[PDB]
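S.K.: This structure is in structure tokens; I'll ask about it shortly.
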Amino acid sequence: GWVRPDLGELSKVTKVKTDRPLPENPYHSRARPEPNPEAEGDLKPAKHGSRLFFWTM
Amino acid sequence: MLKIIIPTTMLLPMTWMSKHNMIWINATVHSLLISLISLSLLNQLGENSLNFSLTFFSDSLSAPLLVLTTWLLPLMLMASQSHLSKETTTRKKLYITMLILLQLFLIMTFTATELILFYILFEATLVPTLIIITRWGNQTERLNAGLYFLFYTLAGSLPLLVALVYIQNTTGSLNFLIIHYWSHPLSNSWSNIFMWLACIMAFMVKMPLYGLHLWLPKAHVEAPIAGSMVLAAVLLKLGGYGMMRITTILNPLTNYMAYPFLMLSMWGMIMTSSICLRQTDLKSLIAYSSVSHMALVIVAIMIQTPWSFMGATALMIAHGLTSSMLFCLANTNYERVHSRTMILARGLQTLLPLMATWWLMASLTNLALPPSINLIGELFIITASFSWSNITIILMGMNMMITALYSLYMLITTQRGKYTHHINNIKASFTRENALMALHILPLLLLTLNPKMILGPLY
């Protein structure tokens, strides 16, 4: 009864109904580092300006 | 300070936009007007300073210096316009521009509330001064004089810049008021010793300290008359004023760090007074006498007493006026005989009687004859030194003796004796020259009536 596959059928991506659970951490990854805290708040002008030496602005 | 600074800045557009023949008239009129305005800074307070803005302030130390600068500008203009009569209009305007720039820089230097701003303004004074000396000086020696003055000052000043920024990074401020109110004692370590040296050496070389003074004869001799006037009168005082300001962060390290400088100045005042006894150049003799008075100022600042600071302030003011007068008096003879050799033109009292009188007044003030403010400053410093150590009276008495000797020797050799036979071009004194001497001498004597105006903030 064996029909021979046509051109392109054997190259298809198919799906398989497996019973195996999906691996959780296939890379055996460490915990990722905590990120640097983000920037919050509204911009206020520099207190007393640049404060570079004798400059007042 | 803007009511003083902005009029001075306005001298430049006015100078450059005035007619070719109204240059001296306009500059003189409006610089005298600015000097009138600067007198209102002498209204000082007993305790606080005049803190106008965040960037400029005035106290009893800097107000007489500001008045001296604003007064020196017009006298400069009267002294210059003779030897610069043959110059081009643009070049005269450039000379006036240099003088105005110097005055503006000095005005902001003496009122800068911040140490780094003071540093930049005090360094800025080099540029017009160097330009004046090297471009409008008379001899080939003006170039070497300019190099000496520039590089002595800069070798002094750059370590001061490093020390100032280090102090700002460690203390947080270079503000004079903050520096005083947050004063920390200075510990005894090599780090602090070299911080002291960096903070002190620029003002030391500026005064100048004996041994670091070899630029001053060159520069004050080779410069044109206005350049010599400013160099002797206001530029030397930058070292004393800066030293008085910055010694408030150097204690108690100054107690023993001052010993080499105290020794150097106490002996070098003797050394340079003796040099004056043998100087064959009149302008060089006058230049060498500045070293002794400035050595006295050095001692006064280094011993750190209220009386020493009062005397140093008064002495700086009086020396400015007297040294500028002496340079002008020598220049009047130089413009006649075209030479600075002192025994060239002798017996001048029988040719220029009122100029001989001006010479006698200048010599008497250089003598520190009482009750002149020269004597007040010298005597206050001498008393403070006597308290510091009684043995100081030997050296200071020797110095006042030698000072008398060389001052009166200069007077006698130039004014007295027999006139030179072959010198037949001693024309009568112009109204301008007599007015120059009178405007030098009259405010000097009037200060004796109100001596507290020049006794500094410790009065």
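As shown in the structure tokens, the chain order sets the letters A, B, ...; within each chain, residues go from 1, and ligands are also counted from 1 in the order they appear.
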For stretch 431-447 of chain B, please output as JSON, numbers by chain all residues within 10 Å (counting only C-alpha atoms; exclusion window: fewer than 4 positions along the same chain).
M.R.: {"B": [71, 72, 74, 75, 76, 77, 78, 79, 81, 82, 314, 317, 318, 319, 320, 321, 322, 323, 324, 325, 326, 328, 329, 331, 332, 354, 355, 357, 358, 359, 361, 362, 365, 371, 372, 373, 374, 451, 452, 453, 454]}
S.K.: Go through chain A residue by residue and, counting only C-alpha atoms, keep those with an atom at most 10 Å from chain B; for each kept residue give the shortest atom pair and its distance in Å to one decimal, ordered by chain and increasing number, as a tab-separated table.
M.R.:
```
residue	atom	partner	partner_atom	distance
A:51	CA	B:173	CA	9.8
A:53	CA	B:116	CA	7.0
A:54	CA	B:114	CA	6.0
A:55	CA	B:55	CA	8.1
A:56	CA	B:54	CA	7.4
```
S.K.: Kindly save the residues from that selection, with N, CA, C and O atoms included, as a PDB file, in the first residue's frame.
M.R.:
```pdb
ATOM      1  N   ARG A  51      27.759  74.677  39.152  1.00  0.00           N
ATOM      2  CA  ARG A  51      28.606  74.654  40.342  1.00  0.00           C
ATOM      3  C   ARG A  51      30.073  74.471  39.988  1.00  0.00           C
ATOM      4  O   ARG A  51      30.878  74.074  40.834  1.00  0.00           O
ATOM      5  N   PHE A  53      33.348  75.759  39.857  1.00  0.00           N
ATOM      6  CA  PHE A  53      34.194  76.819  40.396  1.00  0.00           C
ATOM      7  C   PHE A  53      33.412  78.080  40.744  1.00  0.00           C
ATOM      8  O   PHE A  53      32.568  78.064  41.645  1.00  0.00           O
ATOM      9  N   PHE A  54      33.685  79.176  40.037  1.00  0.00           N
ATOM     10  CA  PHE A  54      33.100  80.472  40.350  1.00  0.00           C
ATOM     11  C   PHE A  54      31.817  80.764  39.580  1.00  0.00           C
ATOM     12  O   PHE A  54      31.227  81.831  39.778  1.00  0.00           O
ATOM     13  N   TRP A  55      31.373  79.858  38.716  1.00  0.00           N
ATOM     14  CA  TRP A  55      30.212  80.134  37.884  1.00  0.00           C
ATOM     15  C   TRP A  55      28.919  79.991  38.681  1.00  0.00           C
ATOM     16  O   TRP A  55      28.748  79.049  39.458  1.00  0.00           O
ATOM     17  N   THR A  56      28.003  80.939  38.480  1.00  0.00           N
ATOM     18  CA  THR A  56      26.741  80.972  39.206  1.00  0.00           C
ATOM     19  C   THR A  56      25.563  80.405  38.420  1.00  0.00           C
ATOM     20  O   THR A  56      24.456  80.332  38.963  1.00  0.00           O
TER      21      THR A  56
END
```
S.K.: Pick out the residues sitting within 7 Å of stretch 349-352 of chain B, and hand them over as an mmCIF file with N, CA, C and O atoms, in the first residue's frame; count only C-alpha atoms, and ignore anything fewer than 4 positions along from it in its own chain.
M.R.:
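For reference, around.cif as written:
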```cif
data_model
loop_
_atom_site.group_PDB
_atom_site.id
_atom_site.type_symbol
_atom_site.label_atom_id
_atom_site.label_comp_id
_atom_site.auth_asym_id
_atom_site.auth_seq_id
_atom_site.Cartn_x
_atom_site.Cartn_y
_atom_site.Cartn_z
ATOM 1 N N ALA B 356 63.147 119.655 41.784
ATOM 2 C CA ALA B 356 63.995 119.284 42.913
ATOM 3 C C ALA B 356 63.178 119.169 44.193
ATOM 4 O O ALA B 356 63.435 118.292 45.026
ATOM 5 N N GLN B 415 70.308 115.890 42.315
ATOM 6 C CA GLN B 415 69.836 117.261 42.454
ATOM 7 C C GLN B 415 70.927 118.245 42.850
ATOM 8 O O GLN B 415 70.862 119.414 42.461
ATOM 9 N N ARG B 416 71.926 117.810 43.604
ATOM 10 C CA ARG B 416 72.884 118.716 44.218
ATOM 11 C C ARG B 416 74.226 118.644 43.501
ATOM 12 O O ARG B 416 74.411 117.901 42.534
ATOM 13 N N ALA B 428 62.697 123.651 30.804
ATOM 14 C CA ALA B 428 61.902 123.866 32.007
ATOM 15 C C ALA B 428 60.822 122.802 32.162
ATOM 16 O O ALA B 428 60.320 122.266 31.169
ATOM 17 N N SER B 429 60.470 122.480 33.404
ATOM 18 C CA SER B 429 59.481 121.444 33.666
ATOM 19 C C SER B 429 58.125 121.844 33.098
ATOM 20 O O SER B 429 57.638 122.951 33.342
#
```
S.K.: Just the residues within 8 Å of stretch 63-70 of chain B, please, counting only C-alpha atoms, with nothing from its chain fewer than 5 positions along; format it as a VMD selection string.
M.R.: chain B and resid 31 to 32 34 to 35 38 to 39 41 to 42 58 103 106 to 107 110 234 317 320 to 321 453 to 454
S.K.: Quick one: write out the picked residues with N, CA and C atoms as a compact mmCIF listing (two decimals), in the first residue's frame?
M.R.:
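Result written to part.txt:
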```txt
# COMPACT_ATOMS: atom_id res chain seq x y z
N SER B 31 38.84 108.06 33.21
CA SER B 31 39.51 107.28 34.24
C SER B 31 39.54 108.01 35.58
N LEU B 32 39.71 109.33 35.58
CA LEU B 32 39.57 110.07 36.83
C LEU B 32 38.15 109.96 37.37
N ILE B 34 36.14 107.41 36.95
CA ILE B 34 36.03 106.07 37.54
C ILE B 34 36.73 106.01 38.89
N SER B 35 37.89 106.66 39.02
CA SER B 35 38.58 106.68 40.31
C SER B 35 37.75 107.38 41.38
N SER B 38 35.31 104.81 42.62
CA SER B 38 35.92 103.76 43.42
C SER B 38 36.12 104.17 44.88
N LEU B 39 36.07 105.47 45.18
CA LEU B 39 36.28 105.92 46.55
C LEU B 39 35.14 105.48 47.47
N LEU B 41 33.95 102.70 47.80
CA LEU B 41 34.25 101.39 48.37
C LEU B 41 34.96 101.50 49.71
N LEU B 42 35.45 102.69 50.07
CA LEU B 42 36.13 102.87 51.34
C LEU B 42 35.17 102.93 52.52
N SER B 58 34.05 93.18 48.72
CA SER B 58 35.07 94.16 49.05
C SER B 58 35.20 94.27 50.56
N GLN B 103 43.86 97.51 34.11
CA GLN B 103 43.07 98.04 35.21
C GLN B 103 41.83 97.19 35.46
N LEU B 106 42.85 94.00 37.18
CA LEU B 106 43.22 94.24 38.57
C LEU B 106 42.00 94.49 39.44
N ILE B 107 41.04 95.27 38.92
CA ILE B 107 39.81 95.54 39.65
C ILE B 107 39.08 94.24 39.96
N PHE B 110 41.03 92.03 42.66
CA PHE B 110 40.97 92.40 44.07
C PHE B 110 39.59 92.18 44.69
N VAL B 234 51.03 98.32 41.70
CA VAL B 234 49.86 97.49 41.94
C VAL B 234 50.19 96.01 41.75
N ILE B 317 50.25 100.28 50.32
CA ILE B 317 49.67 101.48 49.72
C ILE B 317 50.74 102.56 49.54
N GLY B 320 53.31 101.80 46.86
CA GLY B 320 52.79 101.98 45.52
C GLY B 320 52.92 103.42 45.09
N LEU B 321 52.37 104.32 45.92
CA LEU B 321 52.41 105.74 45.56
C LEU B 321 53.84 106.25 45.41
N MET B 453 42.02 104.35 56.66
CA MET B 453 41.57 103.97 55.33
C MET B 453 42.52 103.02 54.63
N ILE B 454 43.74 102.84 55.15
CA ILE B 454 44.73 101.99 54.51
C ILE B 454 45.34 101.02 55.51
```
S.K.: Would you please extract all alpha helix (DSSP H) residues from stretch 68-202 of chain B, as assigned by DSSP on the backbone, and give them as a PyMOL selection string?
M.R.: chain B and resi 68-83+89-111+115-124+126-136+141-171+176-181+190-202
S.K.: Please provide as a VMD selection string all residues within 12 Å of residue B:200, with the sequence filter that same-chain residues fewer than 6 positions apart are discarded (counting only C-alpha atoms).
M.R.: chain B and resid 156 to 161 163 to 164 193 to 194 206 to 209 239 to 250 253 to 254 257 to 258 261 298 301 to 302
S.K.: With C-alpha atoms kept, could you save the residues just selected as a PDB file, in the first residue's frame?
M.R.:
```
ATOM      1  CA  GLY B 156      55.359  80.346  40.692  1.00  0.00           C
ATOM      2  CA  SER B 157      51.721  80.268  39.638  1.00  0.00           C
ATOM      3  CA  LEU B 158      51.146  76.821  38.109  1.00  0.00           C
ATOM      4  CA  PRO B 159      51.721  74.860  41.365  1.00  0.00           C
ATOM      5  CA  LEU B 160      49.278  77.306  42.959  1.00  0.00           C
ATOM      6  CA  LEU B 161      46.694  76.288  40.349  1.00  0.00           C
ATOM      7  CA  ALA B 163      46.963  73.331  44.933  1.00  0.00           C
ATOM      8  CA  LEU B 164      43.783  75.367  44.459  1.00  0.00           C
ATOM      9  CA  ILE B 193      54.228  71.084  53.695  1.00  0.00           C
ATOM     10  CA  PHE B 194      54.133  70.936  49.900  1.00  0.00           C
ATOM     11  CA  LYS B 206      55.281  88.039  42.789  1.00  0.00           C
ATOM     12  CA  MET B 207      56.245  90.333  45.682  1.00  0.00           C
ATOM     13  CA  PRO B 208      59.175  89.400  45.092  1.00  0.00           C
ATOM     14  CA  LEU B 209      60.977  87.396  47.771  1.00  0.00           C
ATOM     15  CA  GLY B 239      51.424  88.845  46.020  1.00  0.00           C
ATOM     16  CA  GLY B 240      50.800  90.513  49.371  1.00  0.00           C
ATOM     17  CA  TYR B 241      47.024  90.596  48.965  1.00  0.00           C
ATOM     18  CA  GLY B 242      46.911  86.973  47.834  1.00  0.00           C
ATOM     19  CA  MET B 243      49.202  85.919  50.672  1.00  0.00           C
ATOM     20  CA  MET B 244      46.952  87.679  53.189  1.00  0.00           C
ATOM     21  CA  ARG B 245      43.911  85.936  51.718  1.00  0.00           C
ATOM     22  CA  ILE B 246      45.382  82.435  51.539  1.00  0.00           C
ATOM     23  CA  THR B 247      47.218  82.317  54.885  1.00  0.00           C
ATOM     24  CA  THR B 248      43.858  81.648  56.579  1.00  0.00           C
ATOM     25  CA  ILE B 249      44.089  77.977  55.484  1.00  0.00           C
ATOM     26  CA  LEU B 250      47.795  77.486  56.240  1.00  0.00           C
ATOM     27  CA  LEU B 253      51.887  75.209  59.354  1.00  0.00           C
ATOM     28  CA  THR B 254      52.906  78.850  58.821  1.00  0.00           C
ATOM     29  CA  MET B 257      57.213  77.072  57.260  1.00  0.00           C
ATOM     30  CA  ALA B 258      57.833  80.837  57.349  1.00  0.00           C
ATOM     31  CA  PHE B 261      61.150  83.051  54.073  1.00  0.00           C
ATOM     32  CA  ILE B 298      56.708  89.585  53.508  1.00  0.00           C
ATOM     33  CA  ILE B 301      52.421  88.700  56.474  1.00  0.00           C
ATOM     34  CA  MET B 302      54.526  85.737  57.645  1.00  0.00           C
TER      35      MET B 302
END
```
S.K.: Mind checking which residues fall within 9 Å of residue B:59, counting only C-alpha atoms, ignoring those fewer than 6 positions away in the same chain, and posting them as a list in words?
M.R.: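 Once the adjacent positions are removed, what remains is residues 41, 42, 44, 45, 48, 49, 50, 51, 111, 456 and 457 of chain B.
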